[PDB]
């Protein structure tokens, strides 16, 4: 069952971006006079499309969530994206995989423009064949839609790739594209969240992730 492609989500899988993201959300919510006790309570915003999150957690409508997304970006584009860190072992993982011959791709709900700046900023950009994110306008943004477009763009077949993510959204997006998925628990999703989502494989560390990708 040799497959050549490995798709990765960005936030919570490759980078520990909680600080910058939760701070951008807090900055945005505060503009609505919504206070938050501690950033940690905004961790759930890490991974899914911002729109879905603002609407779900704050009952905003389409247009209001869009305004909230813009405030978020005022801070994220200039400070938030940098209040980030690459998970330990990740670059080692990426290097090892390309050596094996795997083609690596980023498939994320995060806007492509930010994802590229971040990966280049962290010097990991060239490990990837493509970095496919959402469009700033949100026309293309759900996990299912970005994975589908990434596969279409690179002409990747369902039997030649797997999806790596930390949230149920990644599992659902993978399933919807007929791709097996490896969920990681070192991110912002829990074992239970991934198991109930249907994750095809679940690991608790980057090293475990490395091993699993191979024996797959």
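Residue numbers count along the first chain shown, from 1.
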Mean C-alpha B-factor higher for 43-51, or for 27-35?
27-35
Could you settle it for me: does 5-13 or 196-204 have the higher average Cα B factor in the PDB entry?
196-204
Based on the PDB entry, the highest CA temperature factor among the options 185, 177, 181, 59 is that of 59
Just the C-alpha B-factor column, please: which of 139, 116, 77, 143 has the biggest number?
139
Taking the C-alpha B-factors as the PDB entry records them, is residue 168 in the lowest, middle or highest third of its chain?
middle
In terms of the CA temperature factor given in the entry, to which third of its chain does residue 150 belong: lowest, middle or highest?
lowest
Ranked against its chain, the third holding the CA B-factor of residue 103
middle
Based on the entry's values, in what third of the chain does the Cα temperature factor of residue 161 lie: lowest, middle or highest?
middle
